[PDB]
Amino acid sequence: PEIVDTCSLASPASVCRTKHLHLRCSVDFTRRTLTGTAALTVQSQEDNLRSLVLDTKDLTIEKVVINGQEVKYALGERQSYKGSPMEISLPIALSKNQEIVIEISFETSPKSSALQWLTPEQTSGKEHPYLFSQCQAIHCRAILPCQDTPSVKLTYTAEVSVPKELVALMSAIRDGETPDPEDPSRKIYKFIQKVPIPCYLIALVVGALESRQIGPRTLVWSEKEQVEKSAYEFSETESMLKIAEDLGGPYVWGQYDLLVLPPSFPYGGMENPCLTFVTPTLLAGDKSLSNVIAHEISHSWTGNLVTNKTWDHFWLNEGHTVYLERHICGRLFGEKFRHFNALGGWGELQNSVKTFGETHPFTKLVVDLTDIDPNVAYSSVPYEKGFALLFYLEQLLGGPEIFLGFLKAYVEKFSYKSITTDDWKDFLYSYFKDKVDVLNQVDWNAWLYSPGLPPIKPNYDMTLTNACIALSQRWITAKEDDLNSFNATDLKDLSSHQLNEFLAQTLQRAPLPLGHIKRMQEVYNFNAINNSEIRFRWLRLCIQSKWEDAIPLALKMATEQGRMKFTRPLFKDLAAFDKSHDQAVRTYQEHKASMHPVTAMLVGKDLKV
């Protein structure tokens, strides 16, 4: 059979396909285990199928029941980050399109790489523990046995038993709660996901959660400490959904709830279906980062509805998502803003080629992950080189309204399916068969398969970047006597996004002399800004410029939140600053127990404790 996905040890989708999962599990915070049964409805694609293989990782299997009889099964040799294949001897010979239900009784490991168990000290409310999953890319196999590959899409239902003081949520539509009949100290929460999904988008959260309704199909969920702030910050979600529907086609998932995770959450968002995960660092107070969730909204079309068939083709997901997200922001803020974000994205791509190196295989759009861990691979280039490709093609093929027609047609063509880069390109050529000679001028080999920067740079409107570059070069080339010219008026027509870009460019040339920084504070009062993107770049700029006063602000930020994008570079700069280095040690020691364990660990391994 054709091997679709080399990150999966399971029977390929050419051999058999999981159509449905019914999960019945119990969450035990004392043992940090999920225990229960996974009933998989599987469809044979072959005749004479007598055994099938599933992915597992650090699972304990108690038994496998098919039609009411325990059946033989064997776990094979672990293949490092891929885990161990689970071969199931079927009690029947399956023929093409025949179905069987396989009920696996399982328990997760407390060290499961998919499950993030938080102590009460690692939550906002400090009293209850908290659990959240992160299956992307190939961690679902560490929750339950499955064909752990985006080449297979399945529906699911679930029943989750939790301690009765807590609340479960999943990447699904809420389907009621009841007392656990087997244990009055517990509650069972029920879920249904009627749209087929790849298993990396199976998600679970258990915690002391409260909700506010902020739209006809949106509740925001969080611990009680964050939920009011969150209900305000994201109050425009429904209007972003409508814009996304206009750009990409109808929203097919029913509900679009939001979950704002605890401050210790070290990542950015996650597009779990029907329940986007959100970092609390987006809680700026003025909604200036509220548009950042347009990224996860966009995945509801590009990634969750049309899905990459393997992790080699992940750029299809991210790239189109960023393309759609920047159109949402263009609808909101104008086409000049879309070019502004697009240009800044080009800059981020430059940085990453330079960080990885213009030869590094992680600067390719299509990557061969055969012997590469995809849980590291999908983290990068797929975002901005993929976006650049689509933006270059947009400009080649007659502009945004015409290329948005392609986007909607592509969503319609491949809804509920999984595809490769060649499927995408074949459809591009088919949709634009009238412009094939134009498409034949594209250096596909360079764009899709070669590392480094793309062969051609798109045309970007420079309106908004210009005002930033002007003001940043003034400072960067200004002497001490010139400092009196700067003043508040320099910022009059600058958005928060422009403020951020200005700091991005000033930090690129870091450090600035102490007097400049002191003066910049005096006239622009960047110490006052609560926007985490702005504050992060400002405090990096201060520490890198050796200002004494920024040391406590940078420590506070680096520990008030766990986002690794912020916490790690801040701890790096504070340790690199010989003055703050010691205080940065004693701060990481005093706080690491409130931190996400991976964030205390990597910040330990950076600070060398």
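Residue indices: 1-based, along the sequence shown.
Of the two segments, 593-601 and 21-29, the one listed with the higher mean B-factor is 593-601 (C-alpha atoms only).
Higher mean CA temperature factor, per the PDB entry, when comparing 292-300 with 358-366: 358-366.
For the set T506, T307, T281, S112, the PDB entry assigns the largest Cα B-factor to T506. Of the candidates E210, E522, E165, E121, the PDB record gives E522 the highest C-alpha temperature factor. Sort the chain's modelled residues by C-alpha temperature factor and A510 lands in the highest third, per the entry. Ranked within its chain, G347 lands in the highest third, by CA B factor from the PDB record. Sort the modelled residues of the chain by CA B factor and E177 lands in the middle third. Sorting the modelled residues of the chain by their CA temperature factor places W475 in the highest third.
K518 sits in the highest third of its chain by CA B factor, as recorded in the PDB entry.
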